[PDB]
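In what follows, a structure is listed as structure tokens, so that the remarks can point back to it.
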Amino acid sequence: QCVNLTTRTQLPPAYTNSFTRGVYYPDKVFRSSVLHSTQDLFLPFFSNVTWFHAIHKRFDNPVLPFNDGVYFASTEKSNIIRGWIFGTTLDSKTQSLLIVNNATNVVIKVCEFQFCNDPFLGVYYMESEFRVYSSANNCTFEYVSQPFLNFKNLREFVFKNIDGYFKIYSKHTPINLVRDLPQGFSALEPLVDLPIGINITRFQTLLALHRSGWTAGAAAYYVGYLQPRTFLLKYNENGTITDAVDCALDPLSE
Amino acid sequence: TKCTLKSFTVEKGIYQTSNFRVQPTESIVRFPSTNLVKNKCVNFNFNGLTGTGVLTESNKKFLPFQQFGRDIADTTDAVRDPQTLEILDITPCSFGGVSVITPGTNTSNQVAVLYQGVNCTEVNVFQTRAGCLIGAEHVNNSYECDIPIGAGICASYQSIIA
Amino acid sequence: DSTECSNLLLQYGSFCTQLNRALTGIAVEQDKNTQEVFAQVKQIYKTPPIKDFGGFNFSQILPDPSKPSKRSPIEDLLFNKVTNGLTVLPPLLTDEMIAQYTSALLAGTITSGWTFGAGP
Amino acid sequence: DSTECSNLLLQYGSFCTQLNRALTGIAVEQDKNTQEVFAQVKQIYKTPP
Amino acid sequence: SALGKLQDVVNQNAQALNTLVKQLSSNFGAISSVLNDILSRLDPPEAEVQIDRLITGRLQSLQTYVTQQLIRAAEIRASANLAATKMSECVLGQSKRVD
Amino acid sequence: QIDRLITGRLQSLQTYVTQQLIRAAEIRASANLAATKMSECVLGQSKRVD
Ligand SMILES: *[C@@H]1O[C@H](CO)[C@@H](O[C@@H]2O[C@H](CO)[C@@H](O)[C@H](O)[C@H]2NC(C)=O)[C@H](O)[C@H]1NC(C)=O
Ligand SMILES: *[C@@H]1O[C@H](CO)[C@@H](O[C@@H]2O[C@H](CO)[C@@H](O)[C@H](O)[C@H]2NC(C)=O)[C@H](O)[C@H]1NC(C)=O
Ligand SMILES: *[C@@H]1O[C@H](CO)[C@@H](O)[C@H](O)[C@H]1NC(C)=O
Ligand SMILES: *[C@@H]1O[C@H](CO)[C@@H](O)[C@H](O)[C@H]1NC(C)=O
Ligand SMILES: *[C@@H]1O[C@H](CO)[C@@H](O)[C@H](O)[C@H]1NC(C)=O
Ligand SMILES: *[C@@H]1O[C@H](CO)[C@@H](O)[C@H](O)[C@H]1NC(C)=O
Ligand SMILES: *[C@@H]1O[C@H](CO)[C@@H](O)[C@H](O)[C@H]1NC(C)=O
């Protein structure tokens with residue numbers, strides 16, 4: 001089942017500053033009170049991060065190119081954002097990865113889904129509307145896991161697809177800022193190392209409707225792209241990353 | 001010492017001759033797998049990471065995702081056991097230089113052995129800051145330095161005293 | 001600890017012996033340098049208990065009896081202001097004995113002038 | 001300007017950093033030598049007319 | 001910055017030691033920088049080539065370190081000879097030498 | 001082939017840096033002597049013979 005949503009209001013996507021966000025742990029190695037230089041796929045400091053809104057009539061679900069890696073920021077309340085879709089053509093011709101968290105449990109699937117042009121979730125005011133794909137023919141991997149999830153929550157994710165391994169780095173931050181991204185430092189811990197071995201070039205996030213037509217709950221998300229660069233990471237006495245330096249940002253950090 | 005200096009007569013002094021590389025006792029393989037032993041120099045194999053070191057209890061509180069531990073010089077000094085979720089420090093197996101303190105062979109053939117940076121409990125045995133000295137009788141009297149040992153310690157012949 | 005590596009390394013000859021000899025020469029040279037700089041007197045001179053030097057005060061350079069290291073306040077400040085096959089050999093002269101040598105030189109140059117450097 | 005050569009050169013580690021650091025030390029040492037030899041007075045004296 | 005001269009010597013020695021241990025993590029064109037990985041992953045006919053590459057790289061690093069240490073030791077020996085001269089001529093006597 | 005060129009050029013550069021450091025030590029000794037001569041011969045009268 002697919003439904004076209006035809007009550008959107010046309011508006012260009014916004015842009016804002018990344019500040020010092022998008023940092024993650026490059027490896028599984030504990031380090032204490034030391035500075036470590038890494039050449040990985042990182043998000044540049046103070047970069048131009050794309051801003052999308054869900055407000056009421058704005059319902060932003062475009063399909064974006066994956067590039068070499070994706071930083072996803074979510075200024076979220078009431079859990080509108082439920083998952084993501086990764087693939088190349090997003091149909092049954094190729095194989096696609098699906099990440100969802102519905103009302104009960106977290107499901108990770110790798111199938112050849114026949115995706116809708118406008119896929120979404122839906123909550124009736126209870127969640128009773130699932131319109132993501134019309135078919136799923138060749139499923140090669142299934143994985144059921146723990147629940148991952150004024151704006152009250154900052155949910156930061158980093159997705160990488162290197163050597164057939166899809167790395168999900170995650171961090172949850174209690175925030176109280178109303179509109180934009182908070183300015184601060186929070187290192188993203190690696191959450192899921194996923195053995196897919198498939199080509200990913202395009203992605204699309206999943207939102208949830210509110211029914212009483214449909215209403216979009218208040219949410220905002222940010223999309224940034226990773227580039228290969230070096231960061232200098234600082235590790236304190238407790239082994240928590242507290243600060244980082246972008247070596248290619250400005251001559252002082254160089 | 002005679003073999004090291006390529007001479008059958010050795011002058012008075014301290015001569016570094018060899019290294020005391022403690023040999024590994026057992027082999028421990030841990031997987032998420034034999035039993036784990038501690039406070040011994042063993043050949044460890046933690047999830048495909050092999051080496052030789054003493055595995056002791058650690059005070060480092062690891063984050064739940066981290067498994068290994070590195071120092072400034074990028075050497076693995078901490079590990080997490082896969083069977084039981086605990087943290088272990090790897091101290092490297094005891095090593096140091098082995099120096100021989102002797103007077104002239106014209107005078108005497110008695111020698112003393114200095115193990116540099118080696119505790120005396122894991123090797124006339126006296127513990128110095130320079131290392132463990134075996135074969136020299138420690139005295140409380142102070143004399144002029146004849147053969148330098150280090151850290152204010154000197155050796156002489158009168159038997160060999162330190 | 002690789003025995004195959006050592007067997008292959010023996011094919012290269014006495015490079016390791018040369019490097020160990022050079023490092024040993026540097027290590028004994030450092031002790032020789034300290035011996036040359038600080039041990040210029042064979043008599044340990046001591047200041048009188050009464051510090052009557054005609055109004056001259058040497059308390060900032062003489063050793064402090066209250067401190068366990070027996071260092072001067074200036075020397076204590078100087079020590080406060082300085083912050084796989086690898087071993088570090090300790091120096092032959094400890095900081096206490098180097099401080100004792102400087103104390104002996106200070107006592108000689110205070111109580112005897114330049115006479116202790118040229119004889120009795 | 002060969003990218004492949006630099007990629008292979010990265011396998012050898014921090015040799016280049018060592019060489020650059022040594023040359024930088026020599027370069028600052030020359031200036032220190034010139035300061036030590038010639039800059040021993042902080043007053044620029046001039047002869048009478 | 002009063003005691004910078006001693007601090008430079010301490011920093012240079014620690015930095016040289018740190019770089020010497022960091023050189024162990026480089027493979028020098030071999031498949032890996034760890035000998036145990038080569039012994040466990042390859043037969044001896046190719047393993048001898050891999051350890052030969054690691055041995056020549058590490059030997060070049062160690063020779064470079066020893067050469068730098070010898071040059072620094074010569075500099076420190078010159079400084080110590082100067083310090084001994086100052087101890088003899090300024091402390092143990094009164095010097096007429098200007099500055 | 002690039003590895004052979006890299007090791008040859010790196011050996012040449014390390015050799016050049018080694019003699020540069022040795023010459024730097026010699027020039028530093030000469031400069032220290034020159035500073036001593038500037039302090040003792042120009043800024044004062046020296047009793048030291050020759
Ligand atoms: C929602 O709108 C999209 C875009 O118009 C529809 O996708 C089209 O589906 C038809 C199938 O009859 C194709 O022939 C078109 O080429 C598709 N358009 C694009 C841009 O790919 C989608 O089918 C609509 N949803 C429903 C339920 O009709
Ligand atoms: C020599 O100088 C020292 C310090 O410069 C004098 O010690 C000071 O004495 C006064 C008064 O007794 C105290 O208030 C200071 O705190 C002391 N300073 C220190 C560092 O202890 C000392 O009195 C002077 N005279 C003699 C004869 O020793
Ligand atoms: C971000 O990009 C948009 C266009 O893509 C541009 O208008 C905006 O000025 C950019 N912001 C910054 C800070 O460069
Ligand atoms: C991955 O997909 C992109 C576009 O779909 C394509 O250009 C690229 O060649 C693909 N790579 C592989 C290895 O299939
Ligand atoms: C959530 O999705 C799983 C996967 O199909 C499904 O079994 C479960 O019933 C769903 N939960 C709800 C409340 O529909
Ligand atoms: C994928 O699905 C289609 C139709 O369901 C089928 O014809 C094809 O053989 C499948 N391929 C694989 C590799 O399972
Ligand atoms: C590290 O943890 C201790 C408690 O174990 C805490 O007191 C200290 O403040 C922490 N350090 C930082 C930088 O947060």
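We name chains A, B, ... by the order of the sequence lines, and we start the count at 1 in each one. Heavy-atom basis, side chains included; hydrogens, waters and symmetry copies ignored. Ligands are counted one by one from 1 in listed order, and the atoms in each one are counted from 1 as well.
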(message) Using the ring centroid of each side chain, check whether A:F166 and A:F86 are separated by less than 6.0 Å.
(response) yes
(message) So that I know where these two stand, are A:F157 and A:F148 an aromatic pair - ring centroids less than 6.0 Å apart?
(response) no
(request) Kindly indicate whether the side chain of A:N153, heavy atoms from C-beta on, has any atom under 4.5 Å from the side chain of A:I175. (result) no
(request) With the side chain counted from C-beta on, respond yes when B:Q83 and B:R30 share a heavy-atom pair under 4.5 Å apart, and no when they do not. (result) yes
Evaluate the 4.0 Å heavy atom contact test for [atom]: does a protein atom fall under the cut-off?
{"atom": "atom 9 (O) of ligand 1", "answer": "no"}
{"atom": "atom 1 (C) of ligand 1", "answer": "yes"}
{"atom": "atom 26 (C) of ligand 1", "answer": "yes"}
{"atom": "atom 19 (C) of ligand 1", "answer": "no"}
{"atom": "atom 13 (C) of ligand 1", "answer": "no"}
{"atom": "atom 4 (C) of ligand 7", "answer": "no"}

(request) Starting from atom 24 (C) of ligand 1, find the nearest protein heavy-atom neighbour and note its residue, name and distance. (result) A:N4 ND2, 2.6 Å
(request) Identify, for atom 7 (O) of ligand 1, the protein heavy atom at the shortest distance, and state residue, atom and that distance. (result) A:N117 CB, 4.5 Å
Does either side chain, that of [X] or that of [Y], offer a donor lying less than 3.5 Å from an acceptor on the other one?
{"X": "A:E112", "Y": "A:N138", "answer": "yes"}
{"X": "E:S33", "Y": "E:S25", "answer": "no"}
{"X": "A:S32", "Y": "A:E237", "answer": "no"}
{"X": "A:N79", "Y": "A:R155", "answer": "yes"}

(message) Regarding atom 2 (O) of ligand 7: of the candidates A:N238, A:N236, A:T242, which has the closest heavy atom?
(response) A:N238
(message) Please compare A:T88, A:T201, A:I200, A:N199 and report which has the shortest non-hydrogen distance to atom 8 (C) of ligand 4.
(response) A:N199
(message) For A:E237, which part has a heavy atom under 4.0 Å from ligand 7: side chain, backbone, both, or neither?
(response) side chain
(request) Considering the heavy atoms of A:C2, write down every atom of ligand 1 situated less than 4.0 Å from one of them. (result) 27 (C)
